[PDB]
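Engineer: Quick one, fold the following:
(chains A, B, C and D)
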Amino acid sequence: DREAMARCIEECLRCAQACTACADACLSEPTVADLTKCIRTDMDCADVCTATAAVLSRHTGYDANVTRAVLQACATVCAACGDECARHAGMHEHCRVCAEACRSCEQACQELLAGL
Amino acid sequence: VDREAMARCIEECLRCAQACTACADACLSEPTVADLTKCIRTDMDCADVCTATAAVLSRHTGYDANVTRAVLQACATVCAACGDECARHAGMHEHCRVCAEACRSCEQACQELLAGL
Amino acid sequence: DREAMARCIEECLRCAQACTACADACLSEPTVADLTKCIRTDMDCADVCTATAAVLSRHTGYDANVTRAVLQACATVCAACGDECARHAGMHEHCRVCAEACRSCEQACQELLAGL
Amino acid sequence: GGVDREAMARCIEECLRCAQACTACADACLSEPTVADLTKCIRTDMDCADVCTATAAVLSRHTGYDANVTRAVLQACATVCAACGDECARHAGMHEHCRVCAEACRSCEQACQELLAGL
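Structural biologist: Numbering: from 1, shown residues only, chains lettered A, B, ... in the order given. Have a look at this structure:
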């Protein structure tokens, strides 16, 4: 599903950026001591999102085992990051926005996974 | 610099890394891959440096702006070199044309921030 | 175990570098057209090991499904990369070297996953 | 040449050691009760780690070598390792993780500067 693959890559790039924006904004909060789990998972999500986009971008010598394993990791980490950001969404707009982006990427990863 | 100029350059770096990864893969799949090895290698470098630059820019506050400048200059240099090599193959390979344009837009975005800092 | 954690992070960092080196050596071979899956899989492995090292560095024990997900992906891609390198190891010392690095990272990720 | 390839190997090794030192320091700072006073350290630790792994990767590649690219990357790595070392050194009195990170940054900075001088 070439449109599902392209959408997944796009969501990974959007999500990486939303996650790094969220990490930076949490680091700048006066209440940063209460946001350290959010910062950590934001960073985890950004790192896994860019790696996922990269693996999905390659078609030479395609191996479904690797593609599925990376997609699963990406879905799991986007879910964790979305849940953690959701805990602080009322207090912080950057967290609400990051959660949205994480849910969107999780869904695109699951859709792609189901289709492969 | 502005938050909107940062965000533009961070997006460009993320997109340029992806574009360079896609181009390197498309070149690897060509039957003429042996002719494309410098393109692939420079794609790989540009993706790595764009990846680092996106992350560094994300944490930019304005303090220790010499870090931001140094990383921007590395990104601009490799994007320009990657574009130059891709352009050598762009008449033959549309994938290289596409990559070259991604490299030019990231190069300009980095330069625009360098002027601002 | 923070010392096991550190050992696995080091494995991931060194495996990413090993894979990058191997991909470059394959790229420079006259027989590069026969080595394209090796190169691609080397790139995937480097990308996933790079993300894994970073995610492991931030592991706290909380939300450890994030850590499990990247270790599973990392073990899977390191196994695949080692398989493709091992196929070429008789002709190319650089592939032999890379397979050994992939196998050690594979094993370290598996061990850490068993401990969690 | 041979001396260059050996200095590149030494710098790659320092980059890998430095990346891990830096991520260990970021993690430790995030865990400190005084995390609010360590946010610049955490930011620069991460910048240094990201640039170090990229630099090791670029230096690993010999196909289609371009000295100008490699120099620009090395300059970035030297500059961030200097910044990271300086910021960690501010806190080294209070935090061993910061002292250890500063030492790794200094050693990586030196190895990058060696290649900038010798290539």
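Engineer: Please see if the helix or strand encompassing residue A:3 touches chain C.
Structural biologist: According to DSSP states H and E, residue A:3 maps onto helix A:2-28. No. Helix A:2-28 stays clear of chain C (CB under 8 Å from any CB of the partner chain), getting no nearer than 10.9 Å. Every C-beta, even on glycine, is put in place using the N, C-alpha and C of the backbone.
Engineer: Stretch A:94-108: which residues count as buried?
Structural biologist: By 16 or more other CB atoms under 10 Å in any protein chain shown, the buried positions in stretch A:94-108 come out as A:94-108.
Engineer: Give me the contact status of that stretch with chain B.
Structural biologist: No. Stretch A:94-108 is not in contact with chain B by CB under 8 Å from any CB; minimum separation 11.8 Å.
Engineer: count of neighbours near residue A:17?
Structural biologist: With neighbours defined by other CB atoms under 10 Å in any protein chain shown, the count for residue A:17 comes to 23.
Engineer: Distance of it relative to residue B:14?
Structural biologist: 6 Å (CB to CB, to the nearest Å).
Engineer: shared neighbours, the two?
Structural biologist: Taking CB atoms under 8 Å, 6 or more residues apart in numbering or on different chains as the contact rule, residue A:17 and residue B:14 both touch residue B:54.
Engineer: In terms of helix, strand or coil, where does residue A:68 fall?
Structural biologist: At residue A:68 the chain is in helix, as set by DSSP: H, G, I helix; E, B strand; the rest coil.
Engineer: got the residue ranges for the helices in chain A?
Structural biologist: Applying DSSP state H to chain A gives helices spanning A:2-28, A:36-56, A:64-86, A:93-115.
Engineer: Out of these, which one sits most buried?
Structural biologist: helix A:36-56 (a mean of 27; mean count of other CB atoms under 10 Å in any protein chain shown).
Engineer: near chain B, which residues of chain A?
Structural biologist: Counting by CB under 8 Å from any CB, the residues of chain A near chain B are A:9, A:13, A:16-17, A:20-21, A:23-24, A:27-28, A:46, A:50, A:53-54, A:57-60.
Engineer: One more pass at 6 Å, please.
Structural biologist: Residues of chain A lying close to chain B (CB under 6 Å from any CB of the partner chain) are A:13, A:16-17, A:20, A:24, A:53-54, A:57-58, A:60.
Engineer: Isn't residue A:32 up against residue D:34?
Structural biologist: No. With contact defined as CB atoms under 6 Å, residue A:32 does not reach residue D:34; the gap is 10.8 Å.
Engineer: Tell me what angle the helix holding residue A:3 forms with helix B:37-58.
Structural biologist: Between helix A:2-28 and helix B:37-58, the angle comes out at 40 degrees (axes from the mean of the first three to the mean of the last three CA atoms, to 10 degrees).
Engineer: close to chain D, is helix A:2-28?
Structural biologist: Yes. Interface with chain D: helix A:2-28 contributes residue A:27 (CB under 6 Å from any CB).
Engineer: which secondary structure elements does that helix contact?
Structural biologist: Under the contact definition 3 or more CB pairs under 6 Å, 6 or more residues apart in numbering or on different chains; DSSP states H and E, helix A:2-28 sits against helix A:36-56, helix A:93-115, helix B:3-28.
Engineer: Relative to the whole chain's centre, how far out is that helix?
Structural biologist: 6 Å (CA atoms, centre = their mean, to the nearest Å).
Engineer: cool, stretch A:28-47 as well?
Structural biologist: Counting by CA atoms, centre = their mean, stretch A:28-47 comes out at 14 Å from the chain centroid.
Engineer: show me the contacts for the closest residue to chain C within chain A.
Structural biologist: Using CB to the nearest CB, residue A:61 is the residue of chain A that sits closest to chain C, at 2.9 Å. Shown in contact with residue A:61 (CB atoms under 6 Å, 6 or more residues apart in numbering or on different chains): C:37, C:40.
Engineer: With residue A:63 instead?
Structural biologist: residue C:80 are the contacts of residue A:63 under CB under 6 Å, 6+ apart.
Engineer: please redo it, this time with the cut-off set to 8 Å
Structural biologist: Taking CB under 8 Å, 6+ apart, we find residue A:63 in contact with C:41, C:80.
Engineer: backbone phi and psi for it, please?
Structural biologist: Per-residue torsions, residue A:63: phi -130, psi 110 (degrees, to the nearest 10).
Engineer: Leaving out sequence neighbours, find the closest residue to the residue positioned nearest the centre of chain A.
Structural biologist: Nearest to the mean C-alpha position of chain A, counting by CA atoms, centre = their mean, stands residue A:78 at 4.1 Å. Nearest non-adjacent residue to residue A:78, counting by CB to CB, 6 or more residues apart in numbering or on different chains: residue A:106, 3.9 Å away.
Engineer: Looks like that neighbour contacts residue A:73 (just checking).
Structural biologist: No. In this structure residue A:106 lies outside contact range of residue A:73 using CB atoms under 8 Å: 11.5 Å.
Engineer: which parts of chain A sit against chain C?
Structural biologist: Within chain A, the positions near chain C by CB under 8 Å from any CB are A:37, A:40-41, A:43-44, A:47-48, A:50-51, A:54-55, A:58, A:60-61, A:63, A:65-66, A:69-70, A:72-73, A:76-77, A:80, A:84.
Engineer: at 6 Å instead, please
Structural biologist: Within chain A, the positions adjacent to chain C are A:40, A:44, A:47-48, A:51, A:54-55, A:58, A:60-61, A:63, A:66, A:69-70, A:73, A:76-77, A:80 by CB under 6 Å from any CB.
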